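The numbers here are math on the coordinates, done by the rules we state, and not lab data. Neighbour counts run over all protein chains shown; Cβ positions are idealised from the backbone, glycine included.
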Amino acid sequence: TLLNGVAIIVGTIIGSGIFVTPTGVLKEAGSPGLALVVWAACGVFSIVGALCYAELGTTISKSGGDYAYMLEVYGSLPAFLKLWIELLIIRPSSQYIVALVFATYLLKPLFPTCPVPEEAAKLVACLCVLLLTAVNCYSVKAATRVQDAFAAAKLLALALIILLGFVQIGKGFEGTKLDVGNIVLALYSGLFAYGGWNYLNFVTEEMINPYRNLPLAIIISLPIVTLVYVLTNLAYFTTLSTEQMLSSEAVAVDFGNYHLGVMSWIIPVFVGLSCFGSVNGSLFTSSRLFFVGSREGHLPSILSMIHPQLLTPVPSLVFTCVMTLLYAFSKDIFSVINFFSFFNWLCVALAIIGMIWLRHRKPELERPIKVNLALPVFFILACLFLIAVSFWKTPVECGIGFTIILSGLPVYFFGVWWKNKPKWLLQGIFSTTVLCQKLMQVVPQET
Amino acid sequence: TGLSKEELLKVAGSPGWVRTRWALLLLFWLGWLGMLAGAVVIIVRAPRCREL
Ligand SMILES: CC(C)CCC[C@@H](C)[C@H]1CC[C@H]2[C@@H]3CC=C4C[C@@H](O)CC[C@]4(C)[C@H]3CC[C@]12C
Ligand SMILES: CC(C)CCC[C@@H](C)[C@H]1CC[C@H]2[C@@H]3CC=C4C[C@@H](O)CC[C@]4(C)[C@H]3CC[C@]12C
Ligand SMILES: CC(C)CCC[C@@H](C)[C@H]1CC[C@H]2[C@@H]3CC=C4C[C@@H](O)CC[C@]4(C)[C@H]3CC[C@]12C
């Protein structure tokens with residue numbers, strides 16, 4: 001039933017970014033009144049984004065995420081550049097961000113006033129990503145139970161903040177910056193918390209049967225998310241000063257330290273567990289992209305393989321993991337959120353541009369859902385708006401990111417398009433492959 | 001593609017790869033407990049906040 005569909009999507013969208021990003025939107029919006037408007041604007045942008053992905057998630061329907069659509073709309077090089085961006089920028093940086101929020105909140109009760117030491121925050125971020133890489137390598141039968149449990153902690157912590165906010169009101173604004181430059185960085189920080197819908201929204205079609213009911217699940221659910229995000233920000237703004245909320249790397253622990261008295265055992269624990277759940281989820285659900293990317297021939301044959309006694313995709317986890325652990329070289333959490341956001345929204349731009357170009361190029365391709373063109377023609381321009389400002393508001397992050405993208409052209413030619421013929425090269429590639437196979441004990445999946 | 005299951009089940013000769021894979025699996029947990037000890041050292045010797 002539709003009511004139980006909404007209970008799947010809202011619990012999928014809510015994420016862990018809501019525990020990072022309040023400080024982010026407040027830093028750029030200057031004062032609470034405009035921060036709440038940005039939270040709403042991020043909601044509305046997600047409603048328009050999600051319904052476009054309800055279309056792509058039912059017209060093309062090929063498994064594996066956006067890359068599966070790029071094979072139809074572009075093929076060849078742009079399909080590889082989506083896979084390359086998603087594995088070296090998007091999926092690493094959003095894991096490191098959630099691993100680092102975990103680390104700051106787990107440590108913050110030892111450092112109540114003064115900021116938690118970055119050299120320690122980065123090690124405890126790493127210890128979390130390696131421990132959850134090991135658990136996903138040892139057992140899908142265990143790592144599923146670790147995902148099943150902590151989805152409760154996500155909503156328990158976030159509801160507790162709101163009910164504490166209500167008793168604060170029961171006992172009981174200007175927008176001081178307005179530069180288009182900063183308001184795009186406010187939008188990036190607020191949009192990060194909604195950032196589930198492009199990966200997974202199609203899952204609900206396997207239990208909500210009519211194709212017109214999938215838009216109803218979106219249009220009901222994302223206002224519910226927006227309500228929760230606005231209410232949690234009101235819980236902060238009715239308890240904390242702007243001069244406090246900009247100072248703390250873990251704002252909900254400040255709020256928890258004010259109300260609870262038992263503070264150490266509540267908000268740090270329940271929020272920490274939600275982020276331990278979100279890092280786990282991003283590892284567990286990663287394999288799909290490697291299997292698809294190697295099956296369709298863009299990605300090296302070793303990254304398809306599985307350890308046959310445990311049925312866990314060992315080389316793909318170890319590559320996922322080591323990319324996440326290199327983001328420990330970054331300076332600051334909101335630096336990485338800006339970086340992630342640029343390439344995430346630039347990928348969604350290529351997808352929704354693609355959908356309109358496909359509606360033009362192949363008309364009436366049996367579409368179960370067909371949205372009004374008036375939605376994408378605002379939304380594509382909104383993706384372009386964010387990117388176009390960000391080129392000059394945050395140049396250096398885009399520069400190192402486009403350096404990653406351009407470094408994909410060599411490995412596309414060498415690995416896929418030029419198909420370099422020398423027998424010594426092929427025997428070297430084979431030798432490198434069987435070394436990894438022997439050193440991890442891994443074998444191909446059933447074709 | 002690559003070496004298949006039906007080959008690899010006899011290429012795992014115990015004096016080489018099986019002892020090697022035991023050693024690397026121990027080296028990972030030794031190294032991760034090293035990083036846990038490193039993090040606990042930093043949190044112990046970093047200066048504690050003055051109380052308000
Ligand atoms: C290099 C590839 C193979 C990854 C595997 C090595 C791991 C163990 C490395 C990769 C990057 C490293 C981190 C990079 C940077 C920092 C910040 C510094 O203030 C303390 C150490 C710390 C937090 C490092 C700890 C160890 C680390 C996580
Ligand atoms: C994901 C995993 C690896 C997280 C591990 C985090 C570690 C570094 C944290 C969590 C709890 C912490 C301990 C909690 C309390 C104290 C008491 C204090 O007087 C000295 C530090 C000490 C002894 C801490 C050392 C570091 C510690 C063990
Ligand atoms: C095929 C594999 C081995 C490619 C490896 C690419 C690695 C080395 C690249 C890809 C993404 C990169 C990161 C991208 C962004 C930043 C932010 C910058 O302010 C500091 C460096 C840092 C944190 C980079 C470190 C190196 C990095 C992790």
Practice task
Mind listing just one residue for me: the one in the range A:103-135 that is surrounded by 21 or more Cβ atoms within 10 Å (Cβ to Cβ), more than 7 Å from chain B (Cβ to nearest Cβ) and β-branched (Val, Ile, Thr) and, of those, nearest to ligand 1 (Cβ to nearest atom)?
Solution key: A:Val129
Problem - A:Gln437 being within 14 Å of chain B (Cβ to nearest Cβ), part of a helix (DSSP H, G or I) and either among the small types (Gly, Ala, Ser) or loosely packed, with under 12 Cβ neighbours inside 10 Å (or both) - result: no
Exercise for the section: Scan the range A:136-146 residue by residue and report those that are part of a helix (DSSP H, G or I) and surrounded by fewer than 16 Cβ atoms within 10 Å (Cβ to Cβ). Expected result: A:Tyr138, A:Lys141, A:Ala142, A:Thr144, A:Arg145
Exercise for the section: For residues that are outside any helix (DSSP H, G or I), in contact with a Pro (Cβ under 8 Å, 6 or more places away or on another chain) and over 29 Å from A:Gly30 (Cα atoms), tally how many sit in the range A:230-283. Expected result: 0
Fill in the blank from the handout: In the range A:327-342, residues that are within 28 Å of A:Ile380 (Cα to Cα) and either within 14 Å of ligand 1 (Cβ to nearest atom) or surrounded by 17 or more Cβ atoms within 10 Å (Cβ to Cβ) (or both) total 9
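Yes/no per residue for (1) buried (at least 21 other Cβ atoms within 10 Å of the Cβ); (2) within 13 Å of ligand 3 (Cβ to nearest atom); (3) away from every other protein chain (no Cβ under 14 Å):
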residue	(1), (2), (3)
A:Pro308	no, no, no
A:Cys321	yes, yes, no
A:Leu325	no, yes, no
A:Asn344	yes, no, yes
Practice task
Spot the failing condition for A:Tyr412; the list is (1) surrounded by fewer than 11 Cβ atoms within 10 Å (Cβ to Cβ); (2) in a helix (DSSP H, G or I), and only one is missed.
Solution key: (1)
Handout entry: Matching option when the condition is out of contact with any strand residue (DSSP E or B) (no Cβ under 6 Å at 6 or more places or on another chain), of a type in the set (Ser, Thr, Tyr), away from every other protein chain (no Cβ under 14 Å) and within 16 Å of ligand 1 (Cβ to nearest atom), among A:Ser76, A:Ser93, A:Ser139
Key = A:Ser93
Handout entry: B:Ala46 surrounded by 11 or more Cβ atoms within 10 Å (Cβ to Cβ), within 15 Å of ligand 2 (Cβ to nearest atom) and more than 24 Å from the chain's Cα centre (by Cα)
Key = yes
Practice task
Find the helices (runs of 4 or more DSSP H) located wholly in the range A:49-115 whose residues include 1 or more that are under 30 Å from B:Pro47 (Cα atoms), and list them.
Solution key: A:91-107
